[PDB]
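Residue numbering for the sequence shown follows our numbering, starting at 974 and increasing by one per position.
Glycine included, every Cβ here is placed at the ideal spot set by N, Cα and C.
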Amino acid sequence: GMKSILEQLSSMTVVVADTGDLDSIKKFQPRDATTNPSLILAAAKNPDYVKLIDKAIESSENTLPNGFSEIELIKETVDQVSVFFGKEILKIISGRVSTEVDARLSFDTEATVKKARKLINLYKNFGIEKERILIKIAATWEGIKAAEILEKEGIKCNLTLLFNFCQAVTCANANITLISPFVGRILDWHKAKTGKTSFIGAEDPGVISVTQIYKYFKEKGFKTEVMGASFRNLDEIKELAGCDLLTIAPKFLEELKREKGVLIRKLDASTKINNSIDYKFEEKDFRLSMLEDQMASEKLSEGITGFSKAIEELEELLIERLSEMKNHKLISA
Ligand SMILES: [Cl-]
Ligand SMILES: [Cl-]
Ligand SMILES: [Cl-]
Ligand code: NA
Ligand code: NA
Ligand code: NA
Ligand code: NA
Ligand code: NA
Ligand code: NA
């Protein structure tokens, strides 16, 4: 001591800087980070990292059967470039890289499982073992089912677009490695629905939900890690002090380090042995509970759409790079 709020928090929670690009990963050195379409779009703007994009195109060209089409090339490249960038992240960070599974497959268990397997085998081909990877999947019924299958073969999953207790419990019962609820998106939905201008501290509906999920998971002895993410304000983070992980904007990290005073570990549950109900949500109950939760079903649907938009934009960028690559060869001696 004296102990900053950040130092207190770090004694209770694995704190990870929220990063969306490689420069920020290098700067902040987060324990965990993510390869996804948006990070790669960001990198395309960088004269260093864009070369790694062109390399994925070249590698995909080498990989495919003779006579491949441009469509087949772009598809294969989307896979390879995601892995190239994940390997680049693993050279910087000490922990795990979340690897986004194409969100367009979010309602297809078999396709999600097959894509995860493909990405894991690509990582293996490039010298990276599966324990360094989290396969990141939207928490639809089908995505959780795919993760259930994957976990059984030792492929660790991060279940994201996770908004309610129903989704959390379904993941826990399926032995999912990690869930990443987006707290600030839950807050946003309630403000947007009601015109309430704020939900302060413990009243924040995202904080309420993640608090409940954490308490249940620990009391029941579930192994699934809870990573609170996507924060709108610093009070949300403080309310969830003691969560397994919290992904936090660099500016909030700096502010917590500046602050003094007392931070209470609110998320402090441990295993209990008692007669409380063990909740289960089989497919029908899951679907009905989701239907009744307008917040979770809309934020899940919008999130999937947003992920799908960014992967479509990636595909468009790869088409551009291919064109540029061809032009450069034709005009060079
Ligand atoms: Cl669903
Ligand atoms: Cl506002
Ligand atoms: Cl050339
Ligand atoms: Na191939
Ligand atoms: Na992909
Ligand atoms: Na696809
Ligand atoms: Na408080
Ligand atoms: Na913790
Ligand atoms: Na995306």
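DSSP three-state call for residue i: helix, strand or coil?
| i | result |
| --- | --- |
| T1050 | helix |
| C1139 | helix |
| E1228 | helix |
| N1131 | strand |
| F1155 | strand |
| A1006 | strand |
| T1085 | helix |
| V1074 | coil |
| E1198 | strand |
| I1284 | helix |
| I1106 | strand |
| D1021 | coil |
| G1179 | helix |
| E1126 | coil |
| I1246 | coil |
| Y1252 | coil |
| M1298 | helix |
| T1170 | coil |
| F1204 | coil |
Given residue i, which residues of its chain have a CB within under 7 Å of its CB, disregarding the five upstream and five downstream residues?
| i | result |
| --- | --- |
| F1001 | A990, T992 and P1223 |
| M1298 | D1027 and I1030 |
| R1004 | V987, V989, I1066, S1067 and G1068 |
| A1006 | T992, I998, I1062, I1066 and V1070 |
| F1254 | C1139, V1142, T1143 and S1262 |
| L1218 | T986, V987, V989, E1198 and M1200 |
| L1290 | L1014 and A1017 |
| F1136 | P1154, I1159, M1268, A1269, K1272 and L1273 |
Using the rule of at least 16 other Cβ atoms within 10 Å of the residue's Cβ for burial, across every protein chain shown, is residue i buried or exposed?
| i | result |
| --- | --- |
| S1305 | exposed |
| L1303 | exposed |
| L1226 | buried |
| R1231 | exposed |
| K1088 | buried |
| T1167 | exposed |
| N1094 | exposed |
| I1152 | buried |
| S1182 | buried |
| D1075 | buried |
| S1042 | exposed |
| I1013 | buried |
| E1115 | buried |
| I1173 | exposed |
| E1049 | buried |
| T1278 | exposed |
| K1125 | exposed |
| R1294 | buried |
| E1209 | buried |
What are the boundary residues of the alpha helix (DSSP H) that residue i is part of?
| i | result |
| --- | --- |
| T1113 | Per DSSP, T1113 belongs to no alpha helix (DSSP H) and is neither H nor E. |
| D994 | Segment: none, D994 is in no alpha helix (DSSP H) and carries neither H nor E. |
| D1208 | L1207 to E1212 |
| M1263 | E1256 to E1265 |
| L1037 | From DSSP, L1037 is part of no alpha helix (DSSP H); its letter is neither H nor E. |
| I978 | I978 to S983 |
Give me the residue from the options with the minimum Cα distance to residue i.
| i | options | result |
| --- | --- | --- |
| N1247 | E1192, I1277 and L1207 | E1192 |
| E1176 | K1188, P1020 and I1159 | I1159 |
| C1216 | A1202, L1229, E1228 and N1206 | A1202 |
| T1036 | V1023, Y1022 and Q1053 | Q1053 |
| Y1187 | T1170, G1276, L1213 and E1209 | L1213 |
| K1064 | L1046, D1081, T1008 and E1073 | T1008 |
| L1134 | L1218, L1229 and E1271 | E1271 |
| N1206 | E1228, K1245, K1060 and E1083 | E1228 |
| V1051 | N1300, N1137, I1292 and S1296 | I1292 |
| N1098 | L979, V1156, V1056 and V1086 | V1056 |
| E980 | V1235, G1276, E1275 and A1269 | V1235 |
| residue 1341 | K1245, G1127 and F1190 | This structure cannot speak to residue 1341, because the chain is shown only from 974 to 1306. |
| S1079 | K1169, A1112 and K1233 | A1112 |
| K1245 | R1260, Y1189 and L1295 | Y1189 |
| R1077 | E1265, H1301, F1280 and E1256 | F1280 |
| residue 933 | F1195, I1237 and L1295 | Since the first residue shown for the chain is 974 and the last is 1306, residue 933 is missing from the structure and cannot be characterised. |
| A1242 | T1184, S977 and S1032 | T1184 |
Consider the Cβ of residue i: report whether some Cβ of chain D lies at a distance smaller than 7 Å.
| i | result |
| --- | --- |
| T1085 | Among the protein chains of the structure shown there is no chain D, as only one such chain exists. |
By Cβ distance below 6 Å, which residues in the same chain neighbour residue i in space, the five residues on each side in sequence not counted?
| i | result |
| --- | --- |
| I1149 | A1120, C1130, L1132 and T1197 |
| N1019 | none |
| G1157 | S1203, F1204 and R1205 |
| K1118 | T1082 |
Where do the ends of the beta strand (DSSP E) carrying residue i lie?
| i | result |
| --- | --- |
| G1234 | Segment: none, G1234 is in no beta strand (DSSP E) and carries neither H nor E. |
| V988 | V987 to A990 |
| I1065 | Run containing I1065: none; DSSP gives neither H nor E here. |
| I1221 | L1218 to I1221 |
Within the same chain, show all residues whose beta-carbon is closer than 8 Å to that of residue i, passing over the 5 residues directly before and after it, in chain order.
| i | result |
| --- | --- |
| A1016 | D994, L995, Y1022, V1023, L1025, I1026 and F1058 |
| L1287 | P1010, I1013, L1014, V1051 and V1054 |
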